[PDB]
Each structure stands twice: as structure tokens, then as C-alpha cells.
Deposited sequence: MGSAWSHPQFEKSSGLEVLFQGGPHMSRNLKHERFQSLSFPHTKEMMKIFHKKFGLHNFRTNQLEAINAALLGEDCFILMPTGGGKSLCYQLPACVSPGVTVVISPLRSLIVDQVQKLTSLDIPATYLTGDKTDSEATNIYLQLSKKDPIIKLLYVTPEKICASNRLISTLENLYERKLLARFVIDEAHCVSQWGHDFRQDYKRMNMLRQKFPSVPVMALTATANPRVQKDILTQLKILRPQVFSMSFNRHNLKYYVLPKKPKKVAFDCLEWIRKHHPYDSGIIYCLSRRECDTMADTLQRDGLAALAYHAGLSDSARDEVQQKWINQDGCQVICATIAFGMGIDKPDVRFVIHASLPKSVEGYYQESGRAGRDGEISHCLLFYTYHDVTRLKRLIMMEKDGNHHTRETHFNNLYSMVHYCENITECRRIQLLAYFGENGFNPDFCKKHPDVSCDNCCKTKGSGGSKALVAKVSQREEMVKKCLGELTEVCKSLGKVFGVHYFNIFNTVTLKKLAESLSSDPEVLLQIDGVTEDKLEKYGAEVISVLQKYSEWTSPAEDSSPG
């Protein structure tokens, strides 16, 4: 149905193009931009799946300028709100916000401006919690609704509705109030990451029963995906070495599971002279802003070692590697966090250090949810299971796994082979370490069993177990994994007399270990 929306003959088109050229300073629309903008200006509810950097902002900022009245944009972070409103005001588009960082007097001025006969402000940025606490905001929105000057409700990063609306920031659910208070006002949700289940969840929680859907390919052509086995007490040195070998002059992020993990990573990297800085909620906002500016400018900070708190507002185009020192809580989270790499389209690396012993820590973190119930927990456990299944899948192409998770099917299976420069690890000693480790565990169990049976025989005859078979002979018997006497006599220290005396008890379960 996008053919009807791909038209430059609408009544709003002329003014739209005027603002697009003179106010935004652009020249050509990108993929799905014009269609989504037309659909928005036609009053339709919109759901936009567009990659980061694809141009989501314009899709709601141009209609906000064209439509009469105020467009209310709900954003999850005060940082995102201030950043976007600053960019808009620098572009000379009337926009303002009402968050916890504005003083009461400027808020009163904003309400008075909204109360004027002509509301100059086109974009009003708010948080979900502000909508669920300010009665003054609700009354102002009602005033705007009565004069038909409440344009849009925009949900920027709509996946957050499904990510924290059920158990952390329940106002993201409780904000459904707007659809009851202002049912005729259209809604537009934008996101870069959403599998079909989260898509349906976003649409149901936002009370959007018939949206126009604008989607694109989830493929990230320029990213090479890696997952490596993690040594929990050496991981810092491993990642640091990898960075030094592959990205000595490249900016990067190391995502960590805990605050102490971030501090340990930063300490190691600083101890060997890598400009790495820790970033998590434990730091003050003063220190957080300082480190963020240090990383963005590459001035004394090459790698930032951060928790999931960092990243949502960052638009650095030349991030060449993203390291997850521990596996993330979900595949959606992994896609979003690793996608912070390679916004410029150049080849980048996504390195994930995997252990299930971190899955246990993530399960502990999940069970430590203040407002979690049986269902929300169960959903998080399933997400973690899907992440572990991705980590342990050493057979399927990682791009195919990611695209199947998001429901994109018509994808070329030979992509990783046609363009090997951006190939995942699976498409490139790998599976041999398991073949060696299984044999080593087998010889360990065999040595234990042989030592125990020798101890039993020694207790029977009243001699130390070294006089039946010594340590080295038992170790050599374990390494053989055999049970044929003709080969046992080929082992140094094993004799025919000791065979004729102890063979029934020595072969014992050792004959059952012939499979390795």
C-alpha cells in the first residue's frame, strides 16, 4: 500500500518540501523516509523499523513542523531529550522539553507558550514518568486537545516499551493513559531492533491496532561477528591483547556485566597504557559527562568500558570494535549493543566472550528484579536461553541466526562467503579443542577409577597401592584408554606377572572407556 504514500501531490507536500530544503537543509530523502512522512501527515498511526542512522528523526520532525499544534515525543532518557532538542534548536526548529532538569519558572513559561492562541513550540519532549506524574502536563495536553492542536504522540526507541514497561519502568505501560485521554491523536513508534514478538508487544502496549509498517533489512553488511571462549580470570588480558593486535588506533567499547568488572577492565587497560575509561551508574553525572566527552573526542580515551547504561545516545560513526566481556541478557540487547559498531559503513568487529558461568550471574541479576513477577521473569529467562543458544551455535552462520531471530527469511545464505572480509567466525584449532578436552576428561576419570581400585587391592593384601601400580604407570594406563592386554604390555612398567595377578581388577571399568 506504500504506492499511495509515495506521492508528491498531497496538499501538504509543498510546505513539507519547503521546510525540508530551507529549515532542515537536506536535498534527497532516504529509503522509506518520504513514504513514512506522507503517512504521518495523513494522520495514520506508524510503526517504523529503520536501522540506526537511517533517518528516523526526520520521519517525525518534519510532520511535527508541518502539522498544526504540538507533537509530543516520549523518550526514555533525559540525555537523549536534551541532545535532540539542542540539535533541533541549533537547526532553528521550535522545540522544547519538560524534564527534571528545567526549573519551575521556565516550565511555567513553556506552559504559557503552549496556552497561547498560536503554540509556537512544535516539539515537546517528555519522559514516560513525567506524563505519569504531572497533572499540569495532562491539563495542558487536554487544553491542546480541545483546540485540535495536539498533533502526534511519538515513541522514540519503542522497543523500550517492551524492554522496561513490564518490570523496571512500568510507566512505559501506564502511559497508555494517553490513548484513553486523547484517542483521536495519532501515534508513531520508531525502533531499530524488534523481533516479531517484540513488534507485536510494542503495538499492543502502545494501543496501536492498525499501523502502517515501514521496515527494512536487519542485515549489517559491514560487521564481522565473533564469539570466543572466555577465561574469567584472564579475559581482560585477552581482550586487551586482541585490541592491541587488531585495533591499536581504533575507538571501541567493552561492555561489562557489573560495575566492578568495568573498573577491573579499565584498571588493566590503563596499567598497560591503553586509554580506557570506565562508565556506569556508580559514577556521578559529572564524571559520566566528562568520560563521555573524552571518548567521543578520542582525547585520552581509546576504549570505554561500560555497562548497558552507555550507548543509547552515542552517535560515534567510527567505532571499529565492540567487546562484550560477558554475554548480554538477550539477543535483542546483543544486536543493539554490537550495532554501535560501524555506523560509517566500514568493516568492524563484534567480539563476545562467552561462558555459561556468566549465564548464572545474569540469572541472578534477573531474579534480583524489584518489580518482577512470574511472567516477566519467565520471558527474561527465555531471552537468556536464546542468547546462550546463539553463543553455543558453532555451526549456523551468525548472520543467518540473527536474521532468523528477527524474522527476515529471504536472505542470501552465501553472503558470508561472497564477502569474506566481513565474515563471521563460523563462516571462516576451533572444534578440535573439544575433541582434546573430552579425551583429557576421560583419562582423568580413568586415572581416578584405577587409583581407587588399586587402593582397594592394597587394602585387601595389606600393602600400599604403589606396590600394585605406581603413579606413573597408572597415568600411562589412563592415557592409552585401551583394554587390550597386548597393548598394555607395550606400556613401560606393565608386566605379564602383574597382568596375571591384577588384570580382572585393572581392566575393570577401563574396558568401558574404549570409546575415547
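- Coordinate coverage of the deposited sequence breaks at 1-30, 459-465, 554-563, these segments carrying no C-alpha atoms.
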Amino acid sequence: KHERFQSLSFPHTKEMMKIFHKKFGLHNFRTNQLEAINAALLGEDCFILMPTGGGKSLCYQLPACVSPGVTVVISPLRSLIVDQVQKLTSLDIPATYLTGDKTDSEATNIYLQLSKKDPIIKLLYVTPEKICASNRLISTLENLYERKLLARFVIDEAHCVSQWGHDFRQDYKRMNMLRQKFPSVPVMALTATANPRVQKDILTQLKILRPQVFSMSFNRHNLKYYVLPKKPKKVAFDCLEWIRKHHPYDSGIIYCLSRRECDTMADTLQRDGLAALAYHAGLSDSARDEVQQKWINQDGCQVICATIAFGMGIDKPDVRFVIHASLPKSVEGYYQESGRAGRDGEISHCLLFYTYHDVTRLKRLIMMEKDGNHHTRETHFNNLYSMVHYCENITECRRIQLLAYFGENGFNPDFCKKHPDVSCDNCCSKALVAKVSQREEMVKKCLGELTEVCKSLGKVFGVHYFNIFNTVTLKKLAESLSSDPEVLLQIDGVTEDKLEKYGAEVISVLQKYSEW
From here on, numbers count along this sequence of modelled residues.
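- Relative to its counterpart among 210-218 and 352-360, 352-360 has the higher mean temperature factor, C-alpha atoms as listed in the PDB entry.
- Relative to one another, 456-464 and 25-33 have unequal mean CA B-factors, and 456-464 is the one with the higher figure.
- Remark: of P317, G313, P186, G339, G313 shows the highest value [criterion: C-alpha B-factor in the PDB entry].
- Annotation for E157, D201, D272, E408: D272 ranks highest, by Cα B-factor.
- Looking at the C-alpha B-factors along this chain, the one for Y111 belongs to the middle third.
- When all modelled residues of the chain are sorted by CA temperature factor, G53 is found within the lowest third.
- Among the modelled residues of its chain, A39 has a C-alpha B-factor that falls in the lowest third, as given in the PDB entry.
- Split the chain's modelled residues into thirds by C-alpha temperature factor. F10 is in the middle one.
- Ranked by Cα temperature factor within the chain, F415 sits in the middle third according to the deposited record.
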